[PDB]
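1. Whatever this is, show me its structure:
(chains A and B, ligands or ions: 2)
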Amino acid sequence: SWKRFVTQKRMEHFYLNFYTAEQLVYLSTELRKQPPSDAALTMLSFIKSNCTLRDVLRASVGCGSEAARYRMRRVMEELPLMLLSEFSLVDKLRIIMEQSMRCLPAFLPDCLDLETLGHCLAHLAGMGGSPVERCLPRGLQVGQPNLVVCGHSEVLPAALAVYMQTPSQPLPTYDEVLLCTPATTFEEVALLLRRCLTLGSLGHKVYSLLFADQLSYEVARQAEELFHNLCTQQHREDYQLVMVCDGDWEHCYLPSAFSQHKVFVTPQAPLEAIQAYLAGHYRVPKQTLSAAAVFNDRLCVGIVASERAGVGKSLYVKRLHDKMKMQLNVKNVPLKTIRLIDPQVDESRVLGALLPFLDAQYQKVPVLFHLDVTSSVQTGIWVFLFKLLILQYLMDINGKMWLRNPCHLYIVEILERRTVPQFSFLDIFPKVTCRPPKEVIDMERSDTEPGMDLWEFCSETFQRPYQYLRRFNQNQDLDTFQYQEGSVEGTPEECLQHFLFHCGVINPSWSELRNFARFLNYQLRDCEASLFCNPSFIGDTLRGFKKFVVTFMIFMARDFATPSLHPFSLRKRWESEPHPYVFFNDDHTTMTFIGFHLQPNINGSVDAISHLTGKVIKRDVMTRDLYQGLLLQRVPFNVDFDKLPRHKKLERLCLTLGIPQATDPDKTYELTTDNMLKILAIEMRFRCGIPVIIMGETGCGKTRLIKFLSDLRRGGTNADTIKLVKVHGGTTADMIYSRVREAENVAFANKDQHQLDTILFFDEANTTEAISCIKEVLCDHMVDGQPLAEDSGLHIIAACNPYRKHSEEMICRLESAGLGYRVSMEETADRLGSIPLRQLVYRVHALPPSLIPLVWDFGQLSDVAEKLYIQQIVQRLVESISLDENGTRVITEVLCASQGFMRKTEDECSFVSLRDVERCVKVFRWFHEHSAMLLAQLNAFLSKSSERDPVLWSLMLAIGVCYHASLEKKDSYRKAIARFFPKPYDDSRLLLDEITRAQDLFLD
Amino acid sequence: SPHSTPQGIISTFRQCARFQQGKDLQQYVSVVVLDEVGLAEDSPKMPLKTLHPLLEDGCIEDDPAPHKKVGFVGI
Ligand SMILES: Nc1ncnc2c1ncn2[C@@H]1O[C@H](COP(=O)(O)OP(=O)(O)OP(=O)(O)O)[C@@H](O)[C@H]1O
Ligand SMILES: [Mg+2]
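-> Residues are numbered from 1 along each chain as shown, chains lettered A, B, ... in the order given. Ligands and ions are numbered 1, 2, ... in the order given. The relevant structure is shown in the block below.
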C-alpha cells in the first residue's frame, strides 16, 4: 500500500522524482529545521540554484494549508477512539497504518509529508530563473522514444551533441542525463522516466539514458514496463527521450525493445564545436570571485595531461596555487588533492573526500581541487569525468550529493592513456600539455605549453652544474671559479642543452634531469667545501682538480641517473656496469675512491680501470701531474678493499658515510667491495635526494644489507631506526599512509632525542596496486595529498620483485595438475595485461612509469655467498644440537647440491632461495630430536618384516620432505645427492628405501 | 568456492588461533584445512590473497603473537 501511495504521489507531484526514498526522508526531516544542513541545500540547488534558508522559508508558505492542520487535529482526536474500538494489536496497527498514510504530521510533527514536500519543491522551482528550453537535433522526434546505436567511443560525444543544439542553454545534470552501469538500480531509471514523461515541469528539457546496454535485464524490463505505463496515463505528449547504446551490445534487452525507434542519423559535432561549447559554459564571469581567474581564460575546469611521466603536471598545479594566492589577495586558498588509485574508479571515495567542503564558507570562496588519475586506474575514468565536469555532480544512493560550484577550480592530472574515434574524449576539455626538455627546445610564452620553470632555473641545483658545465665545455679556467649562492647566468635553453648533452639519456623526463642536476650539485658543493678548493693552502700543486672532478662526476652520474630497464620489457643487470664511486668526506680534507683504480699511461695521462678486470673504463680522466700531486697528499688511490682487514674496511666505510665510530654490529656480514659499493650507493641517493627503488630476487641480501647499514649508523643506541613493512596483495592504501605517518613521528622523535635518521623499508611493494601510493611517498613526497615534513630524518626504501614468467614446461605442469584450472588463461581477469598472473613467478603488478627510470638491480646471489650462508646456518645448527664436522660437511654439500639441482630443473621449479634451506634445516632438527624414539619404533616395525646414523637418517628424511616430494623426476635428484653421502649410504636406492620405511612406520 | 570471501579465510585462521590461545604449543597445535582451494583461485573476490600474511605470521593488520601462527593444509 505504501508503494502504491508513493507512486501516486510521485505522479501528483513532479519534483519528488528528483530524489529517491532516502533522499526524501532526509529532506523531509531537514527542511523543518532552522537552519537546514548545507547538504540538504546543495541537494535542493539542483532545483533552485544557491538555495538558502530564506528560499525554503518562502517556499514553505502556502503548502502549510490550514486544512492540513484541521486534518491533523481531527486524526489526533479520533485515533484514541478508533484504537479503543479495536482490540487486536493487528487491527490497531492497521488503523495506525491507514491514519499515517492519511496524515503523517499528526504522528511525526517534526517531518514533512510527501504533499507538503512536493509543494515546497515546486515553489522552489518556480522561484528560480528562466526555465530550460531545449530542441532536439534533426532526425529525432518529439513524443517518440528515440534510440541511438553507436560505437563505445561515440556514445558520450553523441549525447553531448544532443544538447549542443541549444548552446545558450545551461549544461544538464543528473535530472536530464543518466549514465547506466551494471549496478544502476531501477530507482534511478524510474525517476528519470518519471521526470521525462510526468507533467508539472516548466520547460522542455531533454532526457538521456546513456550506455543503456550495460543495464541488467531485470532493470531494463522494469524500465520498459514503467515507460509504457506512464505513456498510458496522463503524461507529456511532447516529451523528448533519447536512449544511447553501444552497437556491439545492441543485442541486449533495451536496444532490442526499441529497435523500431532506432534513428539512422547519429548526431555528431566537430571537436572544435564541443570545445567551444564546454569552454563557454566553463568560463566564469569577471565579477564572480573564483579560482578560475588564474587559469587561461577564467575557465572553471581544466585538464593537465602528458604523454609520459615527469613533465610538470603536479608542478603546474603547485605554481597555479601559488599564483592564485598572489593574485586573488585572499588570506588563504584551500587546496584539496584527491588521488585515484583503484583500477575501477570509486566515486564514493571522491565524494567522501569532497563532502567536508560543502560548508557554506567555501560556497563563495576560491578553492582548488586537484584530481590525480594514477596509472593504476584503467576503467571508469571517462564516465566519472563526464559526470563531474560536464554534469557537474556526484552522488551516492545514500542520499548525499555534490554539485560543482563555478567559484571553485577543478584540475585533473592524468597521463594520456591513448590506445577507435578520431579524437580522445579528453581533448574536448580545456587542456594543458606538458612537454619534456627536448620537445621544449625543439618546439620553442604560451600558457598551455609550459617550458622551463624559472624558479628551478634560478635554483642552486640547476645553476651550480649549469655554470660549471658552461665553463667546462668552453675549457675555461675552473680553478678560480666559485658558485656564489643565488647567482644566475645564461638562459633556460643553454642550461637544457648542456644538461641534455651530458645527461647521458637521449629523451629524458624532467625527473631524470632533476636527479642528474641534484647529484652533480651535491658533489660539486662537497668539492667546493673541501680543502683542495679552500683558500689556496696548496700553492698551485692541484692544477686542474675541478676539471677532473667535473669529468669524473659526469661519468659517475651515469649509474645513479640513467635507467636500468629496457609487456615484459623490464630488466637489466647490475654486474654489467662498473660502479666507479668517489666521495668527499665530511671532514673536508680527504676523499674516498671505490670501484675503480687509477693507472698511469704512456700518454702522460691517467686512466680509469676496473679493480677486477683491469680493463679501461674511461680514458683521460686527468693528467699525470695531478695524479702525482694527489698522491703527495696521501689520497688512497688504487686501494684494494677486498684484502684489507675487517676493521679497516669498517673505518673507511664509517668515514665515508660520516660515522665517527666503527662499532661492528654484525661480524657475520661479509664486507666485500660489492656490498660496500651498494651501501655507498644507497647512501648517496639518501643524501642527494634521489628515491631508492631496488629490484632483486628473494634472498639476494637486501634486508640484511639495510639492517647492517642501520645498525652501523645506530652505533649501539637503543632506538628503532628502521621499520620494515612486508607488502602483500591485501595491503591497502590506508595501511601505507598510516605506516608512513607512524614512521614520520618515530623519525622526529629519533632525530630530537638521539639525532638519528630513520629508514622505512617496503618489501615486495609491487605485489599490490597500492604501489602507486608508494610512488606518491617516494617521488611526490606527499601522503594522501598531504605533504611530508622535511627535516624529519625519515628515508624511504622500496624493494620490487622481478617480472619473470614461468617456463612453458612448468606452465604445462601447472595446467595439468588435478582437473586443471577452473578458468582458462584466456578468460582470466587476474592478468598483467596480456599475461595472466598465475604464469608469473612473482605475483606483481605494473610499476608506475615514474619509478621505471629509478629501479636498479641489487645483483644476483653468487654461489660463494650461497655456500657461505649455508655454512653459517649449518654452523648455528651445530652449536644448537652438537653436530660433528663430518655431518656439517655433508649437510652443507647436500644442501648446495639440492639448490643447484632445483635451479637447473627449470621444468619443475622456478623459484629458489635460501629460506628453503632454513626450512630443511628445521626439519632436520626436528627429526634429530625424535631420532632416538622413532628409530626404536622403526627397529620394532622392521622386526615385523623379518644400524643407522641419526644424523644421516634425519638428513635423508629432511631432503625427502623438502625436495624429494615436490619433484617428479625423483631418481635424478637421488642420483645427484647420493654422491655426497658417505658410504655405504651413497645409493639412490638406499635413500628411497629409508624414506619408504619411514612412511610405513608412520602409517603403522 | 568461487563465492568464498577473504573474510571466511580470515575468520578460519582467527578461530584456529583462539583454539591455540592459552595452550602449550609444544604439545598442542591447531591446523586450518582448506578444501577445494583451486575453485577460489581466480574468483573476482580474490580471497587467496590473504594467504601470504596469514601463512607468515597469522595476522593481516593485527600485531604478531605466537598463538596466531597455526598450521595449514590446502587440498
Ligand atoms: N620545467 C620543469 N618542468 C617540470 N618539472 C621540472 C621542471 N624543472 C624542474 N622540474 C622537476 O621535475 C619534477 C617533475 O615532477 P612532477 O610533479 O611534474 O611529476 P608528474 O608530472 O606528476 O609525473 P607523475 O604524475 O607520473 O608522477 C619536479 O620534482 C621538479 O622539481
Ligand atoms: Mg603528479
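2. Please enumerate the helices of the stretch 301-450 of chain A.
-> Applying DSSP state H, counting those that start in this stretch to the stretch 301-450 of chain A gives helices spanning A:313-327, A:347-354, A:381-385, A:437-443.
3. try chain B
-> Assigned helices in chain B, in chain order: B:6-20, B:51-56 (criterion: DSSP state H).
4. In the stretch 851-1000 of chain A, mark out all the strands, start to finish.
-> For the stretch 851-1000 of chain A, applying DSSP state E, counting those that start in this stretch gives strands covering A:856-857.
5. what does it put close to chain B?
-> Within the stretch 851-1000 of chain A, no position is near chain B by C-beta under 8 Å from any C-beta of the partner chain. Every residue, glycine included, has its C-beta placed from N, CA and C.
6. coming back round to it: Serialize the helices of chain B to a markdown table and add fields for distance to chain A.
-> As requested, the helices of chain B are arranged in a markdown table below (distance: least, C-beta to the nearest C-beta, whole Å):
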| stretch | distance to chain A |
| --- | --- |
| helix B:6-20 | 7 |
| helix B:51-56 | 4 |
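7. Which one, of these, ends up nearest to residue B:37?
-> Of all these, helix B:51-56 sits nearest to residue B:37, with 9.0 Å by C-beta to C-beta.
8. Any chance you could list what contacts the closest one?
-> The contact list for helix B:51-56 (C-beta atoms under 8 Å, 6 or more residues apart in numbering or on different chains) reads A:726, A:728-730, A:767, B:9-10, B:13, B:59-60, B:72.
9. just curious, which of those residues is nearest to ligand 1?
-> For the contacts of helix B:51-56, the minimum distance to ligand 1 (C-beta to the nearest ligand atom) is 20.7 Å, reached by residue A:767.
10. give the contact list for that closest one.
-> So residue A:767 contacts A:727-729, A:731, A:801, A:842-845, B:52 (C-beta under 8 Å, 6+ apart).
11. ok, and the closest non-adjacent residue to the residue most central in space within chain B?
-> For chain B, the residue nearest the mean C-alpha position is residue B:13 (3.4 Å; C-alpha atoms, centre = their mean). Closest residue to residue B:13 apart from its sequence neighbours, by C-beta to C-beta, 6 or more residues apart in numbering or on different chains: residue B:54 at 4.9 Å.
12. In chain B, what residue comes closest to chain A?
-> Here the residue of chain B nearest chain A is residue B:49; by C-beta to the nearest C-beta that distance is 3.8 Å.
13. Am I right that that residue is in contact with residue A:730?
-> Yes: in this structure residue B:49 lies within contact range of residue A:730 using C-beta atoms under 8 Å: 5.3 Å.
14. Contact residues of chain A facing ligand 1?
-> Within chain A, the residues that sit near ligand 1 (C-beta under 6 Å from any ligand atom) are A:309-315, A:452-453, A:456, A:510-511, A:514, A:779, A:850.
15. Give me the ChimeraX select line for the residues you listed, limited to the buried ones.
-> In ChimeraX, a selection of the buried entries from the residues of chain A next to ligand 1 looks like this (16 or more other C-beta atoms under 10 Å in any protein chain shown):
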select /A:309,310,311,312,313,314,315,452,453,456,510,511,514,779,850
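16. ok so, going back, could you name every residue contacting both of residue B:49 and residue A:730?
-> residue B:6.
17. Contacts only, for the residue of chain B closest to chain A.
-> A:728-730, B:6.
18. Next step: the residues you listed restricted to helices.
-> residue B:6.
19. What distance do you get for residue A:582 to residue A:595?
-> From residue A:582 across to residue A:595, the span is 9 Å (C-beta to C-beta, to the nearest Å).
20. Compare the two and say which is more crowded by neighbours.
-> Between residue A:582 and residue A:595, counted using other C-beta atoms under 10 Å in any protein chain shown, residue A:595 has the larger neighbour count: 23 against 19.
21. State the number of residues packed around the nearest residue to the more buried one once chain neighbours are set aside.
-> In space, and not counting its chain neighbours, residue A:595 is closest to residue A:579: 4.2 Å by C-beta to C-beta, 6+ apart. When counting by other C-beta under 10 Å, one arrives at 20 neighbours for residue A:579.
22. any idea whether residue A:579 is helix, strand or coil?
-> Three-state call for residue A:579 (DSSP: H, G, I helix; E, B strand; the rest coil): coil.
23. Other residues contacting stretch A:584-598?
-> Stretch A:584-598 is touched from outside by A:523, A:526-527, A:529-531, A:534, A:578-583, A:606-611, A:617, A:621-622, A:627, A:635-639, A:641, A:652, A:655-656, A:658, A:673, A:676-677, A:680, with contacts defined as C-beta under 8 Å, 6+ apart.
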